[PDB]
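Coming up, as structure tokens: structure 1 and structure 2, two forms of one and the same protein chain.
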Structure 1
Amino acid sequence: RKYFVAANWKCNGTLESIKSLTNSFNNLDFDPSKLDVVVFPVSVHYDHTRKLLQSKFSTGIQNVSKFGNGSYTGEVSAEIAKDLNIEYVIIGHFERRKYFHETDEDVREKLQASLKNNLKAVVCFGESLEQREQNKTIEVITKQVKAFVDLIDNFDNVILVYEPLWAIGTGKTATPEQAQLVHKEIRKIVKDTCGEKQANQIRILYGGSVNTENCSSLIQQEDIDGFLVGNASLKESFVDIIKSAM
């Protein structure tokens, strides 16, 4: 499996900070055939970012609509993304599930619209603290994946991302071993719903707090194939994180 390292800049950046960050990133030598490295800037920065990054870097947007083209003010459709050759789209990120009520149904619809339009999707999911304390991790994760995994036609085009909400801003820390346990389980689900061959080829990224100190210990786990980096991807030291997957 090819490792995958994605930078989700979320809602950050200015024309000038991006110019400075992209320059640093372009300095890093890596072979895109052996490693996928994707950057996800804010939508209004997509074009600026795509022109500043060397083609070895892939780019994508942080959200796509579940609707097609039409009367949907403020939405960006898969059809529109396709016309711009936008390669990746993030779906189901917890911030959208939390602040903008996105449901498993929405996640499903968006993945369907994305695949139909040849876009590659990075799908997020994970349990919260209350859910982990009740020992419902497995149950929750199973129900979230099964909400969209039948739509996956091609296992190189859909990337899964495990987000340990229970460890996001709650003060509890997730260990590499703990991440690995969940990742192994996720792969099992994919295995017993899509096939053993399919399960071994789909990338499952860890999406908790990743930095230059813990990345090597996370990437080394058997079922962790890369990351979805948050704030650490807003720094020049991001290149160090990429290197841990080389």
Structure 2
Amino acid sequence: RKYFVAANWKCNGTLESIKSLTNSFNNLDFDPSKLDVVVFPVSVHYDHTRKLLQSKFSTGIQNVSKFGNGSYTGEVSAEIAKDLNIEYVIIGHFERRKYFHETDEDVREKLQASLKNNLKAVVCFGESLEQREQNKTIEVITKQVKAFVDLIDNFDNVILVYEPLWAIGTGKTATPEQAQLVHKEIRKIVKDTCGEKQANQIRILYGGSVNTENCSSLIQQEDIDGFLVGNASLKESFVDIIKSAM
């Protein structure tokens, strides 16, 4: 199983700051055949980011439309992304669920669109603090995964992300034990719906306050296959988070 370190830049960056950050990223020597390292810039920053990044870095966009080509103002379809050779897409991110009415149904329609246009999908899910405190974590996770999991045909092409909503941008990282326990359950859901071989090859990443100090102990866990990094991926020390997966 190949590790997967993703940089979700979110709504951040200038042409110059990206030039500077992309320069520090390029200095890191890593084998792209052994490790996947993906950068997700803002849509309008993509060409600039792709030009500057060495080919060892994979690239993608932070959102993809549930609709194909047509009368949908403001949307980036899956077929448009494929034409531009954009390899990866993020689907079901907490912030889009929270601020932009993105539901479990939107998630699967985005996945189905991405898969039939041969795009690789990074699919996000996680429970809130209330759901955690009500002991509903697995119930919520199972519900969120089952929404889309049947669509997966190639299990190298779909990458799952457990992002506990209370851990995102708060500094309250889930302990490598807490993350591992949910990751192990996620892999069990994939096993019982898709098969053991399909479960053993799918990457399940952790998202939620990954930094340079906690990344090593997180990646060491048997069912954690990498990270979706937010704030720390905006920093030059993001190379050290990639180093933890080497």
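Residues that one form lacks are left out of the comparison. The term rigid core refers to the maximal set of C-alpha atoms that superpose within 1.5 Å between the two forms. Here, residue number means position along structure 1's sequence, counting from 1.
Just one residue from the list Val149, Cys124, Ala81, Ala167 crosses the 2 Å line for C-alpha shift between the two structures on a rigid core fit, and it is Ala167. We note a C-alpha movement of 1.1 Å at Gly208 between the two structures, with the rigid core held in register. On rigid-core superposition between the two structures, the C-alpha of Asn231 is found to move 0.6 angstrom. Residues present in both forms were compared between the two structures after fitting on the core; the only consecutive run of three or more with every C-alpha moved by 2 angstroms or more is 166-173.
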